[PDB]
Amino acid sequence: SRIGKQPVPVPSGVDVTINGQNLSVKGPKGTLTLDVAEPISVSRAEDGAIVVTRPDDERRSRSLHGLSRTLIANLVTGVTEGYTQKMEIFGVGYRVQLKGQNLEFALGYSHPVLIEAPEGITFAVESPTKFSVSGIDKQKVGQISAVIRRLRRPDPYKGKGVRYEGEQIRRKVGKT
Amino acid sequence: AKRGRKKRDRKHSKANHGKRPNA
Amino acid sequence: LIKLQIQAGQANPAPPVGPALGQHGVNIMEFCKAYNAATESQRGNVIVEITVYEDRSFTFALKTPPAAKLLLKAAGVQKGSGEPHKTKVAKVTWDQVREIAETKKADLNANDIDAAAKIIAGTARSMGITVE
Amino acid sequence: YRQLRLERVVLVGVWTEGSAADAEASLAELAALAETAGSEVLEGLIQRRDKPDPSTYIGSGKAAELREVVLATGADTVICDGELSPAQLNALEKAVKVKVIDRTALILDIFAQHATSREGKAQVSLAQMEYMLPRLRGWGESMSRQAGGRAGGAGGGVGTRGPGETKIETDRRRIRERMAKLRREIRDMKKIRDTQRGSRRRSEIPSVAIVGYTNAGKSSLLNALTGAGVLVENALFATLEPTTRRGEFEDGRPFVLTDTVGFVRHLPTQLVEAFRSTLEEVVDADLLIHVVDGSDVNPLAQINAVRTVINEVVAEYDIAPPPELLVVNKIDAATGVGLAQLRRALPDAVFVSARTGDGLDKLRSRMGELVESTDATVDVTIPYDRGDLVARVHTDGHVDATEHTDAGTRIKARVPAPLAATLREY
Amino acid sequence: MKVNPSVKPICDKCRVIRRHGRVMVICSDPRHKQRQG
RNA sequence: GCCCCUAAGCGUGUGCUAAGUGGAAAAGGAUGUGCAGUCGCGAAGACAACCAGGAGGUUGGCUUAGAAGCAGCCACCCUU
Ligand SMILES: Nc1nc2c(ncn2[C@@H]2O[C@H](COP(=O)(O)OP(=O)(O)CP(=O)(O)O)[C@@H](O)[C@H]2O)c(=O)[nH]1
């Protein structure tokens, strides 16, 4: 509970509502609603922050309490500032283009591979070889980022494919 | 050896007290 | 920048000059004459506090040969040892370890400022051949 | 591991073809194999017969003559070379009533003694199956020793039973399926080699393989050349698996050196599966080296012995007379002077003498200059201001100083094919 | 992925864990990626 | 034996168990209990985040394709 017991600061624009066990939050960048599990009590402090407490200190409570408490903080950070994952492509002839809502890659396949943006996720491209995903639900943002990343299999020889913004992929050598 | 192994290990029961005929 | 302690006694050593023979198109030959304008009558034992410039115009300072023994530039040997406290083929005393130019008798980190005279017990007798 | 008791011994030379000297060589070879199994030679006789006796091998008269010395010696080790048929083993055992040795079983059980790796001992067990399956139902300590193959008239008329197949055929099917599984078991060491098979081989790491007669010094040479620690002993078959190590040259390209299992003569031919480890090395090698000790037996008979199998295997395999270098090394302290005749018969004398002499510069040359080759004579001239232009040339390839007295001159180095093909870029 | 009854850290950068009720050695070096089975 | 099949007890109290263990086994691993010790920890700031620290003779020699902090090779036993 080192940061489990630390309150969840709520920036000004945030609009939190505790309908008992569940939790909804409207923010500048959107809305997000979750449900902290039962052996936890969540509520709102007089100074706007969110307080998450547990009944006891067994393993399950001592894990789940911290989980939910910091997860709600992630949600608030998402609704306020949102999560953006920047990703660079590599390889001679590997490019990305934005077909409006959808993102199309040319990862050396005999077809261009088109990913349709999930509900609540926006794609941007700073260049045909550098793009980024954006959203409010960090889970969904990271999940689609991972789908884009695993589009192309690892290429530890020339490193052709998609990578996160700052990443040190495993590179090996073939002298032949 | 499953058949013999089970027939033997079923002597370790509350009713048999760890002994049965033919082990 | 560039930093390297060359122990040759000459001013044209192969490992450094090769990539530094005519590097820095702006100062291919400008750098040559810049660091060979003066000190030429001197002996280029180490010749390397050169920090970095866009024009290669600065002051030199021969810090010291290996802290193991500062007789590399005096007698002229170019060898040492490898084993800890192996032997001592080179004699030396406080004859020249009093001033040893204006070096940085400090630590790499912002640690402390005790060095230089540490040749007796400090970081000089790693290979053994030192003050006798 | 199918051993046998030797301790004391007396030898006999069968000499059913060739010269008395060659028969003596064969006798001493089998006596050395006996020592390898652990023994102490006493004395060796000789005889002179035509085609072996189909039943007694050595004949009734010589069988009794040898039984006389057997009963005098009071031990069971009397040595006689040859390959004995099951019938011959039966007759000899009935005559002598003790244990006499044959070359095939001696070689096989010494392989069993010396084996240390799983593959080696699997191969030696396969050789055991190959040798013993003929010695079935007929030989001395046979399965059907008046006690086996019992199940005969199980169907007088007919009734509620019967095994079916012929008894001897089923009993042989036991070993036949055993060895069928063992032959299926053959492991591809090519997967271990592939690190250097396609790569390296083609990527220039050539392949020098030391092959020669047993005790000659193959492993000793490997150790001397490659700083290794490979097993060195006077015993026969000191080396079991054809190990390998590195060793470089003035032209670099680490010559992956490989030792092998030595040859002697007229090998059993059933443990060719065991020898495949070294046969494959010879077939895939681009420089064969024979090793001949200074004071080695005979002027040249071991060389013909090895070369017989070399020619057989390589001719069956491919179009090849793989580079063979019959170097004469390890000659110092040979304690002999009649070596000028051999030197003139084949000019070579390059002493390493178990590192005592260490005069292997001529060898290190030959090994190399024989079949070394690359894209030598490339002039990689470069300004020397970029740093990139010196990249990889002095690291992957190997420079030879040449005109490169400075960086602003003609720079050439013997480099790999892939490294530079047009990369001089004047 | 080395599936063995006995999985241990091969090098100091390996890490033993339990995912889904199974002991796994996860490492930066993927040769050392082992699983208990 | 006692949840229903199958007659009381889906008994009472305190714990353990997350595998259906229970309801089969020789095992590598520790992340469930309680232990009992133990370095430093005291809220005389501990494991931790944000945390300026990046050329001391610092290519230190070994030695040289460079041997730069860094293929390697035992060392560097030092301070406001
Ligand atoms: N005195 C002397 N002995 C030698 C020489 N060469 C080899 N030997 C003897 O041979 C023994 C090692 O044999 P080894 O090098 O294994 O021969 P090999 O060709 O590998 C035969 P195997 O493969 O069956 O081991 C040593 O004990 C050594 O005494 C030599 O030049 N001089």
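Indexing begins at 1, ligand by ligand and atom by atom, following the structure's order. Atom set for the values below is all heavy atoms of this structure, side chains included, hydrogens, waters and symmetry mates excluded. Proteins get letters first, then strands, A, B, ... in listed order; numbering begins at 1 in each.
Note on D:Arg197 versus D:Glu280: no salt bridge recorded, every NZ/NE/NH1/NH2 to OD/OE distance being 4.0 Å or above. Looking at D:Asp358 and D:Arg355, a side-chain N of the basic residue comes within less than 4.0 Å of a carboxylate O on the acidic one, giving a salt bridge. Salt-bridge annotation for D:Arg276 and D:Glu273: absent, with no side-chain N of the basic residue lying under 4.0 Å from a carboxylate O of the acidic one. Between D:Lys181 and D:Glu185 no salt bridge is recorded (no basic side-chain N to carboxylate O distance below 4.0 Å). A salt bridge links D:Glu93 to D:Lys99: at least one charged side-chain nitrogen sits closer than 4.0 Å to a carboxylate oxygen.
Using a 4.5 Å heavy-atom threshold, the side chains of D:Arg307 and D:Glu324 count as touching.
In summary, the atoms of ligand 1 found under 4.0 Å from a heavy atom of D:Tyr213, numbered by their order in the structure, are 19 (O). Each of the atoms 23 (O) of ligand 1 lies under 4.0 Å from some heavy atom of D:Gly262. Taking a cut-off of under 4.0 Å to the non-hydrogen atoms of D:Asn234, the atoms of ligand 1 that pass are 11 (C), 27 (O). Residue D:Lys330 has at least one heavy-atom neighbour below 4.0 Å for each of these atoms of ligand 1: 6 (N), 30 (C), 31 (O). Against a heavy-atom cut-off of under 4.0 Å, D:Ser220 is close to the following atoms of ligand 1: 15 (O). With ligand atoms numbered from 1 in the order given, ligand 1 contributes 16 (O), 22 (P), 24 (O), 25 (O) to contacts under 4.0 Å with heavy atoms of D:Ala238. Listed by number with element, the atoms of ligand 1 under 4.0 Å from a non-hydrogen atom of D:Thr214 are 21 (C), 24 (O).
Looking only at protein heavy atoms, the nearest one to atom 25 (O) of ligand 1 is D:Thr239 N, 2.5 Å. The protein heavy-atom contact nearest to atom 13 (O) of ligand 1 is D:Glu233 O, 3.3 Å. Scanning the protein heavy atoms around atom 26 (C) of ligand 1, the nearest turns out to be D:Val232 CG1, 3.6 Å. The closest protein non-hydrogen atom to atom 23 (O) of ligand 1 is D:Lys218 NZ, 3.0 Å. Considering only non-hydrogen protein atoms, atom 14 (P) of ligand 1 sits nearest to D:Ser219 OG, 3.3 Å. Nearest protein neighbour of atom 17 (O) of ligand 1, counting heavy atoms only, is D:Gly217 N, 3.1 Å.
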Check: residues 295-303 of chain D side-chain donor-acceptor pairs under 3.5 Å, at least two apart:
{"from": "D:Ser295", "atom 1": "OG", "to": "D:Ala334", "atom 2": "O", "distance (Å)": "2.8"}
{"from": "D:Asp296", "atom 1": "OD2", "to": "D:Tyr213", "atom 2": "OH", "distance (Å)": "3.3"}

Acceptor/donor pairs from residues 219-226 of chain D side chains to any protein atom, 3.5 angstrom cut, sequence neighbours excluded:
{"from": "D:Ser219", "atom 1": "OG", "to": "D:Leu231", "atom 2": "O", "distance (Å)": "2.9"}
{"from": "D:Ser220", "atom 1": "OG", "to": "D:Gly217", "atom 2": "O", "distance (Å)": "2.5"}
{"from": "D:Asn223", "atom 1": "ND2", "to": "D:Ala228", "atom 2": "O", "distance (Å)": "2.8"}
{"from": "D:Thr226", "atom 1": "OG1", "to": "D:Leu222", "atom 2": "O", "distance (Å)": "2.6"}

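Below 3.5 Å of separation, one finds no N or O of D:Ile331 facing any N or O of ligand 1. Close N/O approach between D:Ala354 and ligand 1 is not found [any backbone or side-chain N/O within under 3.5 Å].
Proximity of atom 29 (O) of ligand 1 to the protein is not indicated, since no non-hydrogen protein atom lies closer than 4.0 angstrom.
When non-hydrogen atoms are compared, ligand 1 lies under 4.0 Å from the side chain of D:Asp293 (C-beta onward) but not from its backbone. Proximity of D:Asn215 to ligand 1, defined as any heavy-atom pair under 4.0 Å, is confined to the backbone N, CA, C and O atoms. With a 4.0 Å cut-off on non-hydrogen atoms, D:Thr260 touches ligand 1 through its backbone and not its side chain.
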**OP:** Apply side-chain contact (heavy atoms from CB on, under 4.5 Å) to the pair D:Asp194 and D:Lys191, showing each step before the final yes or no.
**Re:** CA-CA 5 Å; D:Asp194 282 352; D:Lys191 308 328 295 190; 2.9 Å; yes
**OP:** List the steps and the verdict of side-chain contact (heavy atoms from CB on, under 4.5 Å) for D:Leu6 and D:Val9.
**Re:** CA-CA 7 Å; D:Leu6 283 72; D:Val9 74; 6.0 Å; no
**OP:** Determine, stepwise, if the pair D:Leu287 / D:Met367 fulfils side-chain contact (heavy atoms from CB on, under 4.5 Å).
**Re:** CA-CA 8 Å; D:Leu287 170 51; D:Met367 191 166 328; 3.8 Å; yes
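Using cut-offs of 30° and 60° on the angle between ring planes, the pair D:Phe263 and D:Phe275 is tilted.
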